[PDB]
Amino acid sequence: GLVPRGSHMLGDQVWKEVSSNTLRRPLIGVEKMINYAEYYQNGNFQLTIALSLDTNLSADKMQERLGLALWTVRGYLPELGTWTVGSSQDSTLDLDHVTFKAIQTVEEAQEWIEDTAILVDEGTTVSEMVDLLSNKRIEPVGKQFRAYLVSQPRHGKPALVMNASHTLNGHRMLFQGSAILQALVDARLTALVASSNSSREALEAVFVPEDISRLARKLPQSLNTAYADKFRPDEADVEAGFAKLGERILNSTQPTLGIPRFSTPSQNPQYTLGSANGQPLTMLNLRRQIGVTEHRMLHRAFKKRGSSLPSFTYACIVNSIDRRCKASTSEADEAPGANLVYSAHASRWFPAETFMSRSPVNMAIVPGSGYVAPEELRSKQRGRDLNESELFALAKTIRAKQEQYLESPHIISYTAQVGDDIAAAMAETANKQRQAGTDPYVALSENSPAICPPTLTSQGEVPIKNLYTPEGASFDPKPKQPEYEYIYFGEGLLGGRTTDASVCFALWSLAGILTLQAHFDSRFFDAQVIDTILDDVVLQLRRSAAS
């Protein structure tokens, strides 16, 4: 047992001790680009997810357990305590690293708990909390994760609402939320609360100073180092990555249809979620939800027709954008194509063990690209007004182009250098905009293209245990008035944040419920048009599944 199995050389060493009880590693790849965008673009990409709860726990029980449950989860998920904004010794800002401070005292632990396990004030609903959190950046900048318990809403079910930086997160939020819900019904925690006269006294009974020597192996690594450890890219693989970059750059310059942004940001936006702090809530998440039964039937119907739910949804988005906006980067009368902007998850090439406990990859985005030719998205008979057969053909074309682009993991090879260059250029652009006195919303839009190309990322259903009892997590169905404590989630809500002048569509599923949503700032795009596109897509999905 002296020769460990597997390939883990880089991942075993990325986190280094930089000071007492403090680990640090450099950010590499997409995670570095995200960290810079969150700092310089007001929290761009940050995530809010609400898990709506059925439970027989009172609000008071959930409130008195939340902080200790979070503390317990932190013990095996130190990723919750990472930080991405620091300074060098010359005092200059440092966005290039992630750090982890191992907590040594009860006082320090209690401070982290109170900053991270928030009890939401009476009345506020779950939907209101997702609106609020998605409409601002996480503070203080550098904080990676915060949990909000909505246990006293004036109507509706309670929820666990998580707000996270995207730098080291994504899919992982569901696993983090699941761990918190499981901890909330652990009998040992219930007994601890029952045996203690304050939450700090409960913490004192269990607290152990955190140990960097053993926690390093549980902290997340960049996808880039996991990629190097698994694939050991050689010169030809590196050059293959550059070829995928060149294809993506080319696709971004070819004539494309898309959604036109406003030439200048609206000073009086009418489409808001209310106001907070005297300013309107213009970050919108326009959602279309499809329930368990209909989702199952749609997924089957498209498969039976030789198609797929995600590829047909993409075809409908492309075609609706074309018909509703009639906007393209073609400087002539020529019909445009469509530049496809989308992400893939690294699980397409990496096994499940890459995303577990040992040096996990917690942000597994791999950028995709593709380009639909004008002849593939217009009909010689109908022009833009594609019939059902022509939409199925467009879906097939999209699916084939994505499968071709995503065949190889070596896309990842280009992202370290591109990440460095994009990050450096971001900081330089921000500096130039500050020197120019540019208005912040002008700064967030002036470098965005005039035409936003069709941007859809799809995530298929991944089974997650969503029932929690004192025996642990399980896939069993929601119980009907059991004798034992339980928490169950059958529905989630996503609030995405897109602060630059783009429109991002997301198709995803949780507990069998499918959501198609668009997130964007209504200061840059007409929300009526986006709502019309979403309605068009859902109507066509329903029509073509019934055909």
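Start at 1 and count along the sequence shown; that's the residue number.
Judged by mean Cα B factor in the deposited record, 274-282 ranks above the other of 274-282 and 294-302.
Between the stretches 314-322 and 424-432, it is 424-432 that shows the larger average CA temperature factor. The residue among 160, 250, 226, 85 whose C-alpha carries the highest B-factor in the deposited model is 250. Considering 515, 502, 63, 481 together, the PDB entry gives 481 the largest C-alpha B factor.
Sort the chain's modelled residues by C-alpha temperature factor and residue 495 lands in the lowest third, per the entry. The entry lists a Cα temperature factor for residue 196 that places it in the highest third of the chain's modelled residues.
The deposited CA B-factor of residue 287 belongs to the lowest third of values across its chain. Among all modelled residues in its chain, residue 351 ranks in the highest third by Cα B-factor. For residue 399, the recorded CA temperature factor ranks within the lowest third of the chain's modelled residues.
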